[PDB]
Amino acid sequence: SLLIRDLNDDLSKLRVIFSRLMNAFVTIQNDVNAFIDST
Amino acid sequence: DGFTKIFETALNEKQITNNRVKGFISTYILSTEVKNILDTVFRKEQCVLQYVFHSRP
Amino acid sequence: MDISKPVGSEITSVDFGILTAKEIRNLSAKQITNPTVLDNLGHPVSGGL
Amino acid sequence: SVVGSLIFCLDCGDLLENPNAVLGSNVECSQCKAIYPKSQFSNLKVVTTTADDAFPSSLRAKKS
Amino acid sequence: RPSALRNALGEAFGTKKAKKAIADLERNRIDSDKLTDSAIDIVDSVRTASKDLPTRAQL
Amino acid sequence: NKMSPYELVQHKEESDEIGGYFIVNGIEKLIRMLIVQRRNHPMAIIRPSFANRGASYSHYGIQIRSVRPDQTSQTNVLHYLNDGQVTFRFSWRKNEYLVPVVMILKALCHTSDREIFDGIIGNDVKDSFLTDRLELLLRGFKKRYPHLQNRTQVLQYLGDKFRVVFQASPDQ
Ligand SMILES: [Zn+2]
């Protein structure tokens, strides 16, 4: 969370930096699920 | 995909013969795209759903 | 369970629900956002896990 | 030379493919210019036999 | 050196050659300069107001 | 090695201390024995789990548990493709590597002639299960690359795949 929490600092207080959020959103997705269900 | 990021597939040319004609009237689908869609269809069409997710009056 | 302690009520039933952002206001006492749970030195960190 | 339903040769010592999937009257070895068939291919006569082994009955138990 | 990880597919296993049908369908497209991707970066990030929520302040 | 059993009594032992077990961290432990099938013997096995994997192979198969002369083995089964070809299977890290058979039949020494066929039985050609079944696997290889005739060239396919799967050198 706190890796992707602190990226809106790097777009709104104004490329590969956009891949810091999307290819980590697949792990933001993979955060909550393996907490509940790790199939 | 199985509980991780339902996403999008494209259309053939027979779909987009029905967007060019209605003018007078693969990607991801990320987790911040399905939030606006359920804003409507759970409060627009509440009246079918007020009891079908209920087992009581 | 002892006879010297009574109980003046019971339980009748069950009810379900699903987690909404409205019921996060009064459900707790403090946020949890800091990653690790306790550092060196032996103390559990406050505002911590 | 010929065995079964298929033709080998003498110069190249080996076979060629299906003579009708490639040009009839015009065949040679598959790897060397050693044209032994002179367009007199074969008489393709193979005869096989299912040996009546997995045909169960009450009237094949009598022959046993 | 790294672009021969697609060279692990030809004479391979049966029922796990279709397990990487997920990991090719699910992975991504071009990931930079999609000609729409350059402007939707100020769509997602502007939703949240979470510039700095560090562990810096107090403990 | 050759200590007299009287001398074992001087060495804080048993009169007939058997030997054949480890002590590691205080107590005694033993590497157990374990069951395996035949070194160097073609064993037919029949189970439909051998048709479970591919496009319904068969229940058929004969195998070898071939052994190195330092006794660390591998596995070389066959599999009966119901089409009329026949394919290998290897094993590796955790990774099975099947392959057709002629491309590493006709890879050892220079046999591109009747000696491919003449090995199958020579003085009994008259069997009719033979020629209608060996000339569909041999046609199951000329489908793949007809420009492939000597063992220089037959190996060359391995250099597309087997360069970085056995971790070779880039100068090789
Ligand atoms: Zn020839």
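Counting begins at 1 with the first residue displayed.
Placement of Cβ uses the backbone N, Cα and C atoms for every residue, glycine included.
Secondary structure from DSSP puts D:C12 (Zn(2+) 1 binding site) in coil. Residues annotated as Zn(2+) 1 binding site in Swiss-Prot: D:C9, D:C12, D:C29, D:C32.
Under the heading zinc finger, Swiss-Prot lists D:9-32.
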By the DSSP assignment reduced to helix, strand and coil, which category contains D:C32 (Zn(2+) 1 binding site)? coil
Cβ contacts of D:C29 (Zn(2+) 1 binding site) (under 8 Å, same chain, 6 or more positions away): D:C9, D:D11, D:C12, D:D14, D:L16, D:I35, D:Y36
